[PDB]
Ligand SMILES: CC(=O)N[C@H]1[C@H](O[C@H]2C[C@@H](C(=O)NCCS(=O)(=O)O)[NH2+][C@@H]2CO)O[C@H](CO)[C@@H](OS(=O)(=O)O)[C@@H]1O
Ligand SMILES: [Mg+2]
Ligand SMILES: [Mg+2]
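Residue numbers (the deposited numbering): 17 to 592.
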């Protein structure tokens with residue numbers, strides 16, 4: 017049975033929370049204005065809230081950048097360790113001259129926040145960076161168009177870009193690894209021609225750049241030829257080696273795939289993706305007991321695309337039966353009275369009544385703050401609390417964070433059923449697919465709005481709303497109402513599917529990236545759905561398709577629809 021234990025942190029009146037949020041935006045602008053007196057005032061008797069934690073984190077990034085180390089250290093002490101932003105941790109550790117985190121951070125080859133970038137340059141300037149990892153990051157920044165970060169890290173390592181030693185060799189290599197130079201019809205020939213006087217590390221990385229470019233363009237033969245020249249695969253960035261694996265996957269080179277995965281950082285090897293595809297490689301070469309071991313490890317990763325596929329390879333069907341009772345209504349009422357939970361619900365309720373989308377976003381921040389480090393039982397009670405208050409996305413937020421206690425009704429909530437079901441049927445698309453899409457797009461937040469402007473439950477772009485509305489005789493502004501949004505989103509699902517050879521995997525990619533891009537990613541042979549999905553060049557769409565289809569399989573099992581394994585829902589994507 018679920019524990020009835022609920023936290024009882026001190027609560028504040030609804031008026032005080034509203035008054036503190038009244039000044040949250042000004043506190044944030046005060047940080048940007050470097051008005052330290054203003055920020056300290058806002059904070060000095062804030063609640064123990066996400067408002068205070070958010071303002072304090074942003075303040076500390078500004079104090080760290082401004083080297084106000086006395087004030088920094090006083091305020092860093094008021095952050096809860098779980099609530100420290102990464103860049104704040106970086107500034108703190110640089111102030112302590114502690115570069116233990118730098119050994120892990122330096123493994124990241126892309127853009128880092130300023131405090132984290134400086135932490136690495138400081139470690140570099142003291143001798144306390146792994147030199148192999150450090151120069152790998154330099155190259156990764158060079159390939160990544162982060163020339164200035166690359167330059168500063170080369171300089172911090174004692175070999176600047178203008179000093180005639182290693183750093184000038186690496187900078188010179190931009191004629192191969194540059195963003196536009198890697199596209200050259202001659203990139204490989206130049207690399208081959210200057211190959212003999214390059215180090216083993218510089219050569220492996222450079223061949224990885226050329227293979228990575230080819231692999232993301234879906235020129236699989238060209239990519240595998242270039243990746244096959246990489247002598248030390250540890251020198252590849254995480255993106256490079258994953259697109260090696262993706263090239264080997266798309267060409268069904270199972271032995272090469274398994275070898276590539278074994279050269280991945282152990283963290284990548286343990287991801288559901290490479291657990292599952294390693295298992296598939298093993299099973300396809302007949303190493304059946306090694307595959308069964310890996311499928312079990314993938315399946316244990318939880319409620320995700322590859323865990324389900326791995327389960328299906330083990331003969332395990334998705335089972336959406338809860339293994340835990342519903343939360344008792346009394347614990348749900350008590351939970352709403354915990355001071356941190358109550359603060360989140362106050363902001364949420366009042367965002368509805370006041371029509372304040374920013375206030376609703378802070379309600380989410382308070383919710384994640386209030387529930388951070390709840391045990392599985394409190395997480396499930398909180399989930400029902402959120403659901404009983406209409407806070408649909410935070411019910412999913414809390415319910416999906418458990419590992420052993422599974423409430424599928426709360427992980428895969430289905431509000432608005434009689435509406436979503438009818439609009440799906442009206443365009444003859446699977447309502448389990450539509451719910452899967454909504455869950456990923458908006459988490460059932462009717463006023464959701466992405467950075468690029470995608471709107472509402474189904475995250476329809478305003479541009480797209482204008483095409484849809486003219487075709488079906490709507491008003492394009494119906495985009496901003498729940499019913500109009502669902503009608504437009506469901507119609508666009510159906511329409512994109514029709515333009516993409518009626519394939520549901522293509523249509524999901526095309527919903528997010530546009531049908532023209534989804535069509536460009538098809539091969540000249542048919543592809544198994546999950547192979548098409550895992551080799552989508554846009555990381556946003558690649559992650560999106562897998563999550564939508566995984567949600568769709570859970571919803572279909574929940575609704576009691578005729579059983580469709582996820583592997584068959586992925587089907588076969590047709591050749592062009
Ligand atoms: C339903 C809809 O409007 N889909 C459009 C999609 O929106 C995507 C945009 C995306 C988005 O907002 N990404 C950023 C999300 S976040 O704020 O970073 O979380 N969400 C929407 C639905 O998947 O963007 C692509 C490309 O523009 C369009 O394809 S195109 O017309 O051929 O150009 C497509 O019409
Ligand atoms: Mg989204
Ligand atoms: Mg990308």
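The beta-carbon is built from N, C-alpha and C at its ideal position, and this holds for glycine as well.
A distance below 9 Å separates the beta carbons of residue 356 and residue 25. Residue 218: member of the alpha helix (DSSP H) spanning 216 to 232, first to last residue. Residues lining ligand 3 by the Cβ criterion, that is a Cβ closer than 6 Å to any of its heavy atoms, are 554, 555 in chain order. For residue 471, the shortest C-beta to heavy atom distance toward ligand 2 is 8 Å or greater. The C-alpha of residue 198 lies about 20 Å from the C-alpha of residue 183. Rounded to whole angstroms, the separation of the alpha carbons of residue 28 and residue 359 is 8 Å. Beta-carbon to beta-carbon, residue 72 and residue 91 are separated by about 6 Å, close enough to satisfy the 8 Å threshold.
The continuous alpha helix (DSSP H) containing residue 439 extends over residues 433 to 442.
Across the set 300, 97, 18, 82, the C-alpha of 97 shows the shortest separation from the C-alpha of residue 388. Counting only residues of its own chain and dropping the five nearest sequence neighbours on each side, residue 423 has a CB closer than 7 Å to the CB of 338, 340, 396, 399, 415. For residue 533, the shortest separation between its Cβ and any heavy atom of ligand 1 lies below 8 Å. Here the alpha carbons of residue 470 and residue 51 stand approximately 34 Å from one another. A straight line joining the alpha-carbon of residue 523 with that of residue 196 spans about 31 Å.
As the crow flies, the alpha-carbon of residue 482 is around 42 Å from that of residue 315.
Within the same chain, 125, 126, 253 come within 7 Å of residue 156 by CB-CB distance, once the 5 residues on both sides are set aside.
When only Cα atoms are considered, residue 519 and residue 474 end up about 19 Å apart. Residue 543 is bridged by DSSP to 589. The segment 529 to 542 and the segment 291 to 304 do not touch, with fewer than 3 CB-CB distances between them shorter than 8 Å. Between residue 496 and residue 508, the gap from beta carbon to beta carbon reaches 9 Å or more.
Taking C-alpha positions only, residue 516 is separated from residue 530 by approximately 10 Å.
The Cβ atoms of residue 123 and residue 153 sit closer than 9 Å to each other. Looking at the backbone, the Cα of residue 240 and that of residue 231 are separated by about 8 Å. Excluding five sequence positions before and after residue 223, the CB atoms of its chain that fall closer than 6 Å to its own CB belong to 242, 245, 246, given in chain order.
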